[PDB]
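Right, one structure below, let's go through it.
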Amino acid sequence: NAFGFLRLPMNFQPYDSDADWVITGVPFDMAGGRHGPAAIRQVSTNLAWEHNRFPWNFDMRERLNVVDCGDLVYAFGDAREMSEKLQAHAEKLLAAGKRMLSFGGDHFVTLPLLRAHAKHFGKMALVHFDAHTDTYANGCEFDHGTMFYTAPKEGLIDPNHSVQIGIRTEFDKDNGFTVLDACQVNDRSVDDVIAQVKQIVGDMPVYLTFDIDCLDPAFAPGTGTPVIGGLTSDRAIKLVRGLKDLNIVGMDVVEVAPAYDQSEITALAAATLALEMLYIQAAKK
Amino acid sequence: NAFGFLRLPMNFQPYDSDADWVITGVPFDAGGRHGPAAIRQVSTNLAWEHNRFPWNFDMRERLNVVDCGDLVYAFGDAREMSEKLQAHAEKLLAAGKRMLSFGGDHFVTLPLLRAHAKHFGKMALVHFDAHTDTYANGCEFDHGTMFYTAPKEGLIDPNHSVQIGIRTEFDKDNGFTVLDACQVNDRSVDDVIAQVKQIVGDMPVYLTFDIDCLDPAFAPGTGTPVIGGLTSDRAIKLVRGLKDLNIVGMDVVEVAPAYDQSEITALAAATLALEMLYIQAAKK
Amino acid sequence: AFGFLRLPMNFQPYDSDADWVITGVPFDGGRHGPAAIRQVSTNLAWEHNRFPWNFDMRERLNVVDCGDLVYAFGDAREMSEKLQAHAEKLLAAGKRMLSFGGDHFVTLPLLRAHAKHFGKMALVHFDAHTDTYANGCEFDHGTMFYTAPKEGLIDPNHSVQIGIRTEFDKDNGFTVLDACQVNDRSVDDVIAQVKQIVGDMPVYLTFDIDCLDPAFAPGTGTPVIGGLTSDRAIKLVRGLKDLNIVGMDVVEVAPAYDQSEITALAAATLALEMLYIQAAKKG
Amino acid sequence: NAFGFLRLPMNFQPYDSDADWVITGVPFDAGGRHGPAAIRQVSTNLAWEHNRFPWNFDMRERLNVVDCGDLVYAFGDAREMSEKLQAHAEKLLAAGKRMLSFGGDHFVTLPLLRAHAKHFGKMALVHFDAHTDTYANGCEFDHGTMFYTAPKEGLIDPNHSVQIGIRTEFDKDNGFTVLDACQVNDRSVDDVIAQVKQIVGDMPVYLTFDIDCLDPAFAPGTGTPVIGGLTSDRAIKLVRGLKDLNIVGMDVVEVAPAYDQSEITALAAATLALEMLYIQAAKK
Amino acid sequence: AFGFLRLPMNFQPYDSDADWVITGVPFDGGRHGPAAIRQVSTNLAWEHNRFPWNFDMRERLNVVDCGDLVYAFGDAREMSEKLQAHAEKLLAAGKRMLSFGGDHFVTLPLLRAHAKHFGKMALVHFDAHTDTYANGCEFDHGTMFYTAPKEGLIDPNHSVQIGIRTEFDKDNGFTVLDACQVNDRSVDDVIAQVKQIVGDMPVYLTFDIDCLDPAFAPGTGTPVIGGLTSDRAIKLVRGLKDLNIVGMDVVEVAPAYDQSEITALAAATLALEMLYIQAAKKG
Amino acid sequence: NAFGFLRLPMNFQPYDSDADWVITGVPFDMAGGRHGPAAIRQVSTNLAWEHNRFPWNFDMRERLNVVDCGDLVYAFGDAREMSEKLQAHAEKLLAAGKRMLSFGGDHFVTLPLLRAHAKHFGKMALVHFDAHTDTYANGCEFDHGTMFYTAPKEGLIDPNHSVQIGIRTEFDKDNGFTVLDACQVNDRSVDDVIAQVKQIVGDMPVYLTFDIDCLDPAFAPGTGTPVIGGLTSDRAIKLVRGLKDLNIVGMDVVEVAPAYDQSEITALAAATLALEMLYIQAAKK
Ligand SMILES: [Mn+2]
Ligand SMILES: [Mn+2]
Ligand SMILES: [Mn+2]
Ligand SMILES: [Mn+2]
Ligand SMILES: [Mn+2]
Ligand SMILES: [Mn+2]
Ligand SMILES: [Mn+2]
Ligand SMILES: [Mn+2]
Ligand SMILES: [Mn+2]
Ligand SMILES: [Mn+2]
Ligand SMILES: [Mn+2]
Ligand SMILES: [Mn+2]
């Protein structure tokens with residue numbers, strides 16, 4: 001109570017709660033993204049004092065019952081156990097009617113989530129903010145750059161209605177994934193880019209995943225794999241806000257590595273983005 | 001002598017000096033006390049330029065600026081800081097001097113507004129910040145309440161005031177014109193300045209600049225950060241675009257050196273401060 | 001596997017199958033610039049094709065890193081002389097130079113060696129400063145582009161200075177594209193004007209990292225607010241492909257003032273782009 | 001559940017729990033608010049040890065410890081923090097629980113002393129700090145005045161109290177025995193502990209630990225640092241040497257994470273905290 | 001001039017006039033340990049005779065640095081196998097090893113190679129942890145000195161563990177000199193007991209940097225308060241001269257958590273002492 | 001006024017003031033010791049609130065008129081001008097009857113000071129706290145490791161009554177300088193070491209110079225040339241305090257490089273040592 005993200009209530013038995021949205025922390029890397037959820041929670045008090053978060057004219061916590069269920073408990077080193085307890089957690093939540101905002105953690109945390117969400121929402125469109133496309137063909141079982149190769153192959157997402165925003169590194173130009181790379185995103189208007197995004201997604205249900213490395217290192221230095229020429233936090237937030245009218249079933253923010261943060265501005269970016277992900281959900285009501 | 005901000009002369013008895021502009025540091029409340037120190041130390045970066053770019057003249061040739069050090073007051077006592085600070089300002093103003101002031105908590109502006117209102121009348125406030133600082137029901141010494149109190153005491157006129165760079169909850173119905181960061185970041189400097197001049201009119205202006213207006217990327221060293229702010233480039237051009245307004249006093253506040261990174265925030269504040277001085281000099 | 005971008009170290013590069021040689025020049029807190037740049041560059045090494053390129057620079061050029069220049073602990077005079085000798089023998093053997101600072105001063109020896117082998121050059125200069133101070137000490141950064149034209153090394157009248165944010169001289173023949181306008185103009189616009197100024201002349205490309213705004217390059221000794229973004233820096237560099245760049249360096253990185261290695265990463269990324277735009281013209 | 005300090009259970013309704021010891025965080029005033037957060041985050045470093053060295057048993061097997069989170073109070077209001085904090089403590093104490101408390105400003109101890117005095121009588125204070133915190137003429141909410149006020153309100157008896165690690169000006173004439181850092185650093189642990197036991201007697205003890213007691217080399221993360229302090233090794237052995245005293249409550253305060261370096265200070269505090277728990281457990 | 005302590009790099013060290021070879025083993029935030037250690041070591045290089053010694057180690061041993069071990073980005077199994085192969089071929093050619101971590105796990109391959117060439121060894125272990133966990137993952141730091149005795153690589157009964165500050169097993173044959181007593185006893189006292197435990201057996205010297213108190217070595221991934229000072233660490237290492245040390249490593253340095261480079265400097269200084277005490281016995 | 005070190009009065013015209021002791025800052029390196037005096041001043045407020053600085057039972061500022069004259073103004077790059085304006089400054093102060101506590105800055109700052117002091121006090125005994133002996137035979141004209149070679153050769157100090165405390169690096173064992181190296185200093189009692197110091201110095205006038213690198217890097221990380229195995233701040237302060245009965249004519253603290261400081265603990269060590277240097281002067285009265 002008054003102890004989680006944004007001073008929301010902790011509830012460690014959330015499956016039968018009245019919550020609409022459950023926040024879950026997943027401290028996991030396989031560096032230093034393990035403390036991402038702690039850092040995000042700790043800095044979110046910056047945001048909590050606004051009754052109506054700018055620029056909105058209503059309070060999210062009045063339109064949505066959001067609870068923080070803490071962090072996922074699993075064997076210290078084991079990633080298989082992480083992955084299985086994460087998908088299990090996610091399935092039990094979805095079956096109870098709840099929706100998920102999730103804090104990472106390694107981006108790999110997303111595969112368990114997509115798997116669980118796919119069972120309840122069908123094949124999904126992926127809106128992916130990152131500097132990496134994370135479609136690596138031959139990597140380790142738990143590599144965090146291989147999950148959006150594995151997800152289409154397991155029929156979890158449809159590349160042909162997915163969009164990858166802020167890319168700045170080598171990628172495969174023929175996946176059916178539409179790559180809106182940081183170069184053009186930075187040189188195009190937010191409206192322009194949202195228009196193109198909406199055209200691709202359709203009315204398909206969306207999973208929204210945001211690796212913080214998508215922001216330029218100056219705006220978000222606290223990440224393990226930085227790439228220069230990224231987005232501003234102002235552009236990120238405007239883009240996220242522009243996704244209001246999509247059918248976003250679930251969402252997560254990942255790769256925040258507090259050990260490389262500077263005066264918390266990377267955790268602040270994640271907490272503000274996570275809150276915007278909530279407000280756009282509340283604004284559809 | 002050669003020891004204060006920008007290697008300007010220290011003068012701890014400025015009231016009868018032949019200085020036009022007096023720099024005053026006010027170390028007051030986290031940890032924005034070293035704001036003035038940080039600003040002065042980093043300012044030597046700028047001092048070597050004879051004509052600070054992009055100006056084609058030397059501010060120091062057109063204006064006598066002296067740095068009078070920091071305001072002495074009972075260490076924790078805030079009611080002393082205010083009375084000592086207003087008195088300082090009143091005596092400087094009566095002697096014909098003008099003030100560039102370094103914070104320090106943003107609250108320090110309210111004493112300076114009281115002092116300035118007695119000498120210049122009701123003012124227009126040009127307010128760069130991420131917060132509107134109009135909180136109605138707060139502690140008498142809360143930093144985010146100065147622009148609720150000031151209109152109520154008749155110091156400033158909301159209806160010619162403007163609040164630039166806002167990124168947090170505010171009050172749309174109170175007379176202040178709020179140019180939010182979302183907007184300012186998407187609009188040209190000329191567009192915004194035009195609008196600023198429209199609202200302000202011919203009226204006299206007190207310019208207050210809370211560094212949290214700048215995005216934490218450029219001003220990480222602040223106590224209450226908000227993402228999606230202004231760049232240093234935009235902040236400096238906007239400030240430079242107020243040349244033609246009647247700016248009677250000015251301050252830069254909320255630099256918390258504990259959270260600064262490679263002295264970036266203090267550099268921005270000192271640069272902005274210097275630009276505030278050139279605006280004055282380019283009219284003389 | 002051990003030098004910049006996991007390239008081969010070759011401490012005997014004068015006779016070698018390499019077409020380009022990377023040389024660290026630790027010199028003054030920019031001693032450690034070259035180390036910082038190498039260490040962070042592994043972030044880029046894993047990309048077969050460095051985005052947004054369509055091929056691997058490593059398959060179009062043999063590039064080797066011969067380490068750092070050895071000179072007397074404090075003697076800058078030996079530093080200069082051993083630096084210019086180093087280049088003269090590299091440039092002599094039909095090998096090019098990407099060099100890492102280090103003090104910006106390091107460019108002046110390199111310009112002396114380059115002028116003997118390519119003639120008077122156009123200077124493409126990324127910096128917040130113009131570095132043209134006449135009445136300055138013998139070994140001093142800032143003064144090089146007063147000395148270099150008087151020694152007939154570069155032609156101011158085809159030289160361009162990009163990102164300037166500080167006091168400078170308007171009447172000396174250098175074209176200054178200050179950070180105020182560079183940030184308000186399109187890259188294409190600026191590149192067009194660069195190409196117009198330089199013409200067909202061989203260019204030396206020098207990049208003082210303070211050109212970037214301190215938010216992006218905090219790790220610098222002489223920082224100035226209101227500079228360029230890394231995005232704009234990289235697009236401008238990339239836009240110089242069609243010019244004839246004979247030599248290039250990246251200087252002023254100071255790790256003691258770096259934050260989460262972002263200055264070093266910006267310099268390593270720019271340096272890699274300087275290599276790609278070379279590889280772009282040979283293939 | 002598995003979420004609080006040392007991965008212990010959270011329980012936000014601890015008053016009727018079957019817990020022996022309750023951990024409470026009090027975020028209050030620079031920037032010692034994140035003291036509790038910092039302590040909890042770093043504490044996982046210790047949690048993996050089943051028998052925390054050098055003990056030959058597991059504290060968690062002998063004691064039910066729960067973490068009840070942080071004290072909620074009106075954000076800036078300090079008079080609320082005190083009344084809410086004393087009430088919290090009184091209700092826990094009446095229910096038979098004992099308190100390990102994380103600061104937070106050192107001032108938080110005075111409410112906890114009021115609560116404890118009602119349940120345990122007048123106490124002996126064992127006080128590790130670089131400051132004596134006995135300032136007579138201060139603000140009602142000044143951190144360095146709690147051990148002037150507490151004797152005057154009859155909460156503690158100076159004549160069985162001891163102040164360990166002092167490195168700054170103090171008052172020799174007020175009943176407290178002051179073991180200065182110069183002395184403690186030159187004397188064996190057994191020597192000092194002998195003396196501590198002599199002074200304290202059989203009387204009940206409240207153990208308060210301000211982290212600035214540790215030399216800034218080991219606890220850089222503090223707001224008022226003083227050189228020539230204690231090592232973490234000496235601090236932990238001294239604390240461990242109080243096993244036989246009747247310690248009724250305990251706290252660790254003044255961890256300012258903004259000034260911490262690689263989480264060293266928070267680690268020391270959490271380790272010391274855990275040792276405070278083992279002292280209790282080794283008597284049960 | 002480019003490796004540790006400005007020693008020569010030699011990427012082909014198997015046939016070389018060197019008697020000792022320095023090898024970085026970047027492995028997991030200890031990837032960057034070896035770099036950090038090399039970069040800071042120049043602080044020591046300028047001393048002809050490293051204090052308090054009466055001669056130059058560099059004039060009694062040929063020491064070279066062959067860089068870092070090349071292995072698959074994430075495959076630790078290849079890391080181990082290429083590491084043990086590396087050592088087996090070095091130890092085979094009559095060359096010794098000072099190695100830099102890197103994860104402490106790196107020692108286990110090195111112990112496998114060393115045991116084949118020197119037999120079962122006494123372990124002199126500086127760490128806050130005993131690293132004897134039985135029921136742990138295949139590749140995991142902490143478990144090595146459970147695996148190493150079961151594989152007959154070391155003899156617990158002549159092995160000593162110095163600086164322990166955490167849970168451990170009292171009954172397994174290892175002699176634990178915990179940081180509580182080590183800090184309360186004289187170096188001579190402790191060295192005497194070390195010499196008594198080890199006897200005439202060949203020793204492998206492994207130094208996990210968390211042994212030092214976090215105040216002295218902040219840059220570590222698993223820190224524990226109440227550890228050793230660098231002064232005491234260096235005096236203890238120095239006191240092992242008369243023992244027969246066949247191989248040595250320094251591990252767990254994590255720069256992401258270092259403060260003003262003091263952890264790296266402590267490790268580079270210890271490593272240099274490990275070299276002097278070798279040079280002490282040959283001259 | 002109330003603006004210098006320890007909130008003491010600034011006085012930029014100190015030669016004819018009533019001060020006994022003048023504090024002078026010398027921002028100079030030839031890295032990053034230039035801001036040493038600023039850092040020292042800024043952190044000294046930590047100390048200023050104690051009326052009687054522990055462990056003393058009197059107030060220094062009651063027994064001594066101490067003023068801070070600011071920093072020495074000279075040509076930005078030129079060290080010759082630094083050196084000459086520094087010695088000139090020092091001579092004018094000494095001739096006026098004033099005594100000097102000086103903040104560095106590069107250790108080289110000491111040569112101008114010794115030169116000026118020698119003219120007024122004669123040949124001096126040097127009490128030197130540092131990890132380096134600074135007796136380098138062949139270095140640059142302004143090398144900061146060569147000044148205590150140059151000073152005996154110019155007849156400024158007598159090595160045979162000088163003592164070098166906390167040494168941890170290669171030095172020349174036959175200078176007549178008595179080296180009390182950190183190894184033994186750390187293993188010997190403070191009384192023991194002071195006794196030996198007093199025996200060597202005699203009643204000769206002492207210049208006390210303290211390079212902060214003498215402290216172990218953990219206690220004082222903010223220096224350019226660190227060496228491990230140094231002294232604690234507690235031992236440094238006790239030793240300095242033990243020099244009360246020597247005839248210390250002048251004093252300085254040098255090499256504080258704020259760019260490598262951690263939470264100001266290096267500047268705090270210098271400011272506390274500098275204050276102790278003042279209290280021992282006041283305690284003889
Ligand atoms: Mn990414
Ligand atoms: Mn990703
Ligand atoms: Mn604000
Ligand atoms: Mn404000
Ligand atoms: Mn520059
Ligand atoms: Mn330059
Ligand atoms: Mn205290
Ligand atoms: Mn206290
Ligand atoms: Mn360990
Ligand atoms: Mn270990
Ligand atoms: Mn030294
Ligand atoms: Mn020295």
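Residues in the structure tokens are named by chain (A, B, ... in the order shown) and by number from 1 within that chain; ligands are numbered from 1 in the order shown.
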
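Using only C-alpha atoms and all ligand atoms as the basis for the distance check, residues found within 6 Å of ligand 3 are residues 129, 130, 131, 210 and 212 of chain B.
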
(message) I'd like to know which residues of region 69-164 of chain E are alpha helix (DSSP H) (by DSSP, run on the backbone); could you write them as a PyMOL selection string?
(response) chain E and resi 76-92+107-118+144-150

With C-alpha atoms retained, could you export that selection as a PDB file, in the first residue's frame?
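Generated output (again.pdb):
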ATOM      1  CA  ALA E  76      31.797 -19.900 -21.665  1.00  0.00           C
ATOM      2  CA  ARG E  77      32.449 -23.552 -22.582  1.00  0.00           C
ATOM      3  CA  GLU E  78      34.652 -22.403 -25.465  1.00  0.00           C
ATOM      4  CA  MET E  79      36.159 -19.769 -23.127  1.00  0.00           C
ATOM      5  CA  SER E  80      37.234 -22.476 -20.667  1.00  0.00           C
ATOM      6  CA  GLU E  81      38.563 -24.857 -23.322  1.00  0.00           C
ATOM      7  CA  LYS E  82      40.480 -22.167 -25.180  1.00  0.00           C
ATOM      8  CA  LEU E  83      41.780 -20.883 -21.829  1.00  0.00           C
ATOM      9  CA  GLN E  84      43.073 -24.266 -20.652  1.00  0.00           C
ATOM     10  CA  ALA E  85      44.553 -24.936 -24.089  1.00  0.00           C
ATOM     11  CA  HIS E  86      46.250 -21.524 -23.989  1.00  0.00           C
ATOM     12  CA  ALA E  87      47.865 -22.261 -20.615  1.00  0.00           C
ATOM     13  CA  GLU E  88      48.764 -25.888 -21.449  1.00  0.00           C
ATOM     14  CA  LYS E  89      50.728 -24.663 -24.461  1.00  0.00           C
ATOM     15  CA  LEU E  90      52.329 -21.808 -22.418  1.00  0.00           C
ATOM     16  CA  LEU E  91      53.109 -23.969 -19.398  1.00  0.00           C
ATOM     17  CA  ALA E  92      54.352 -26.598 -21.891  1.00  0.00           C
ATOM     18  CA  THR E 107      40.840 -19.660 -12.353  1.00  0.00           C
ATOM     19  CA  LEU E 108      39.324 -23.146 -12.741  1.00  0.00           C
ATOM     20  CA  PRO E 109      40.533 -23.690 -16.336  1.00  0.00           C
ATOM     21  CA  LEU E 110      43.911 -22.241 -15.289  1.00  0.00           C
ATOM     22  CA  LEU E 111      44.069 -24.678 -12.363  1.00  0.00           C
ATOM     23  CA  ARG E 112      43.334 -27.559 -14.761  1.00  0.00           C
ATOM     24  CA  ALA E 113      46.257 -26.577 -16.995  1.00  0.00           C
ATOM     25  CA  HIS E 114      48.545 -25.881 -14.031  1.00  0.00           C
ATOM     26  CA  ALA E 115      47.817 -29.218 -12.347  1.00  0.00           C
ATOM     27  CA  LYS E 116      48.908 -31.192 -15.428  1.00  0.00           C
ATOM     28  CA  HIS E 117      52.263 -29.418 -15.383  1.00  0.00           C
ATOM     29  CA  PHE E 118      52.983 -28.969 -11.645  1.00  0.00           C
ATOM     30  CA  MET E 144      35.519 -23.511  -8.308  1.00  0.00           C
ATOM     31  CA  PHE E 145      37.058 -24.590  -5.003  1.00  0.00           C
ATOM     32  CA  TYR E 146      34.463 -27.330  -4.708  1.00  0.00           C
ATOM     33  CA  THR E 147      35.199 -28.576  -8.221  1.00  0.00           C
ATOM     34  CA  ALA E 148      38.991 -28.109  -8.106  1.00  0.00           C
ATOM     35  CA  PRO E 149      39.584 -30.460  -5.133  1.00  0.00           C
ATOM     36  CA  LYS E 150      37.125 -33.100  -6.446  1.00  0.00           C
TER      37      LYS E 150
END

Report as a PDB file with N, CA and C atoms, in the first residue's frame all protein, DNA and RNA residues lying within 8 Å of residue 65 (chain B), evaluated on only C-alpha atoms, omitting residues in the same chain fewer than 6 positions from it.
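The file below, out07.pdb, is the result:
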ATOM      1  N   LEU B   8      34.890  38.689 -12.770  1.00  0.00           N
ATOM      2  CA  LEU B   8      34.533  40.075 -12.483  1.00  0.00           C
ATOM      3  C   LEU B   8      35.008  40.477 -11.081  1.00  0.00           C
ATOM      4  N   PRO B   9      35.055  41.780 -10.787  1.00  0.00           N
ATOM      5  CA  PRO B   9      35.463  42.211  -9.445  1.00  0.00           C
ATOM      6  C   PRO B   9      34.469  41.791  -8.366  1.00  0.00           C
ATOM      7  N   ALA B  19      28.874  50.544  -9.992  1.00  0.00           N
ATOM      8  CA  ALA B  19      28.450  49.412 -10.798  1.00  0.00           C
ATOM      9  C   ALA B  19      27.018  49.604 -11.248  1.00  0.00           C
ATOM     10  N   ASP B  20      26.761  49.243 -12.508  1.00  0.00           N
ATOM     11  CA  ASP B  20      25.413  49.235 -13.069  1.00  0.00           C
ATOM     12  C   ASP B  20      24.638  48.002 -12.621  1.00  0.00           C
ATOM     13  N   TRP B  21      25.281  46.842 -12.752  1.00  0.00           N
ATOM     14  CA  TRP B  21      24.719  45.535 -12.452  1.00  0.00           C
ATOM     15  C   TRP B  21      25.516  44.877 -11.331  1.00  0.00           C
ATOM     16  N   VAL B  22      24.805  44.301 -10.357  1.00  0.00           N
ATOM     17  CA  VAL B  22      25.427  43.602  -9.233  1.00  0.00           C
ATOM     18  C   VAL B  22      24.976  42.148  -9.255  1.00  0.00           C
ATOM     19  N   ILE B  23      25.939  41.240  -9.217  1.00  0.00           N
ATOM     20  CA  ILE B  23      25.654  39.820  -9.103  1.00  0.00           C
ATOM     21  C   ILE B  23      25.599  39.473  -7.625  1.00  0.00           C
TER      22      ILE B  23
END

(request) Select all residues from chain E having any atom no more than 10 Å from an atom of chain C (counting only C-alpha atoms, ignoring ligands), output as a ChimeraX atom specification. (result) /E:1-2,9,11,32,35-36,39,46,66-70,73,256,260

(message) Applying 9 Å and only C-alpha atoms, which residues near residue 146 (chain B) remain after dropping the ones on its own chain fewer than 2 positions away? List them as a list in words.
(response) residues 106, 107, 108, 109, 110, 133, 134, 135, 141, 142, 143, 144, 148, 149, 150 and 151 of chain B

(message) Could you work out which residues of chain A fall inside 12 Å of chain C? Count only C-alpha atoms, and format the result as an MDAnalysis selection string.
(response) chainID A and resid 131:133 136 166:173 179 181:187 215:232 257:263 266

Those selected residues, please, written with C-alpha atoms and delivered as an mmCIF file, in the first residue's frame.
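So again-v2.cif came out as:
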data_model
loop_
_atom_site.group_PDB
_atom_site.id
_atom_site.type_symbol
_atom_site.label_atom_id
_atom_site.label_comp_id
_atom_site.auth_asym_id
_atom_site.auth_seq_id
_atom_site.Cartn_x
_atom_site.Cartn_y
_atom_site.Cartn_z
ATOM 1 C CA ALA A 131 17.959 0.742 -31.478
ATOM 2 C CA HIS A 132 18.230 -2.960 -32.288
ATOM 3 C CA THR A 133 15.700 -5.001 -34.270
ATOM 4 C CA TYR A 136 19.089 -12.354 -34.537
ATOM 5 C CA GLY A 166 14.356 4.121 -33.715
ATOM 6 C CA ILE A 167 16.655 1.513 -35.314
ATOM 7 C CA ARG A 168 20.256 2.568 -35.636
ATOM 8 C CA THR A 169 22.227 -0.707 -36.154
ATOM 9 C CA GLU A 170 22.565 -3.410 -38.815
ATOM 10 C CA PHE A 171 19.277 -5.243 -39.456
ATOM 11 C CA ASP A 172 17.716 -7.538 -42.077
ATOM 12 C CA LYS A 173 15.823 -5.412 -44.606
ATOM 13 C CA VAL A 179 11.798 -0.488 -39.749
ATOM 14 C CA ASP A 181 14.961 3.982 -38.274
ATOM 15 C CA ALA A 182 16.080 6.822 -36.019
ATOM 16 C CA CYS A 183 17.401 8.842 -38.996
ATOM 17 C CA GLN A 184 13.964 9.302 -40.591
ATOM 18 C CA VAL A 185 12.016 9.305 -37.331
ATOM 19 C CA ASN A 186 14.178 12.249 -36.265
ATOM 20 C CA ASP A 187 13.630 14.019 -39.626
ATOM 21 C CA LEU A 215 16.575 7.008 -26.705
ATOM 22 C CA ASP A 216 19.898 8.665 -27.506
ATOM 23 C CA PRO A 217 22.572 7.961 -24.838
ATOM 24 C CA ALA A 218 22.568 11.613 -23.830
ATOM 25 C CA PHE A 219 18.903 11.330 -22.907
ATOM 26 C CA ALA A 220 19.166 7.772 -21.548
ATOM 27 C CA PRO A 221 22.776 6.840 -20.725
ATOM 28 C CA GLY A 222 21.846 3.976 -18.354
ATOM 29 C CA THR A 223 21.681 1.041 -20.746
ATOM 30 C CA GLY A 224 23.958 -1.837 -21.689
ATOM 31 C CA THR A 225 24.082 -1.570 -25.430
ATOM 32 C CA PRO A 226 24.092 2.420 -26.268
ATOM 33 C CA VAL A 227 23.935 3.746 -29.827
ATOM 34 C CA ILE A 228 24.311 7.454 -30.673
ATOM 35 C CA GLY A 229 21.925 9.360 -32.944
ATOM 36 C CA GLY A 230 18.815 8.205 -31.075
ATOM 37 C CA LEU A 231 15.543 9.862 -30.208
ATOM 38 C CA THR A 232 14.850 12.569 -27.690
ATOM 39 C CA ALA A 257 20.615 -0.541 -16.291
ATOM 40 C CA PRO A 258 20.919 1.747 -13.215
ATOM 41 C CA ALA A 259 24.702 1.158 -13.020
ATOM 42 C CA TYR A 260 25.124 3.340 -16.121
ATOM 43 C CA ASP A 261 22.458 5.911 -15.213
ATOM 44 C CA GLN A 262 23.349 9.576 -14.618
ATOM 45 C CA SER A 263 21.309 11.423 -12.025
ATOM 46 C CA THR A 266 17.259 7.053 -17.695
#

(message) Taking 2 positions as the minimum chain separation for residues in the same chain, which residues sit within 7 Å of residue 253 (chain C) when counting only C-alpha atoms? Answer as a PyMOL selection string.
(response) chain C and resi 30+33+101-102+209+219-220+251+255+263-264

(message) Could you list, as a PyMOL selection string, every residue within 8 Å of region 57-62 of chain E, counting only C-alpha atoms and ignoring same-chain residues fewer than 4 positions away?
(response) chain E and resi 17-20+49+275-276+279-280+282-283

(request) Looking only at strand (DSSP E or B) from DSSP on the backbone, list the matching residues of region 14-246 of chain A as a VMD selection string. (result) chain A and resid 21 to 26 66 to 71 99 to 104 124 to 129 157 163 to 167 178 to 181 205 to 211 215 231

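Closest to chain B among A:140, A:66, A:251, A:236 is A:236, based on only C-alpha atoms.
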
(request) Write out as number ranges by chain each polymer residue whose atoms come within 9 Å of residue 225 (chain E), counting only C-alpha atoms; drop sequence neighbours fewer than 5 positions from it. (result) D: 218, 232-233, 236, 264, 267-268, 271; E: 165, 212-215

(message) Can you work out which residues are within 9 Å of ligand 2, considering only C-alpha atoms and all ligand atoms, and then hand them over as an MDAnalysis selection string?
(response) chainID A and resid 106:108 128:134 144:147 209:214 225 254:255

Check: which chain B residues lie within 10 Å of chain F using only C-alpha atoms, as a compact mmCIF listing (two decimals) with C-alpha atoms, in the first residue's frame:
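Okay, this is what ended up in result.txt:
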# COMPACT_ATOMS: atom_id res chain seq x y z
CA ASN B 1 39.11 41.66 -7.61
CA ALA B 2 39.21 39.14 -10.54
CA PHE B 3 37.54 36.59 -8.21
CA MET B 10 34.27 41.17 -6.03
CA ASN B 11 32.88 44.15 -4.14
CA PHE B 12 31.27 43.41 -0.80
CA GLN B 13 30.12 47.00 -0.43
CA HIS B 34 26.07 25.40 -3.96
CA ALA B 37 29.50 28.42 -6.24
CA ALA B 38 29.04 25.97 -9.11
CA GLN B 41 33.51 28.13 -10.86
CA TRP B 48 38.23 34.27 -22.09
CA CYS B 68 29.07 41.07 -4.30
CA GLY B 69 29.36 37.45 -3.08
CA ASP B 70 26.67 35.53 -1.22
CA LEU B 71 23.89 36.73 1.05
CA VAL B 72 24.75 36.14 4.73
CA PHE B 75 22.07 29.31 8.51
CA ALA B 258 25.15 17.26 -6.34
CA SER B 262 30.73 17.16 -15.68
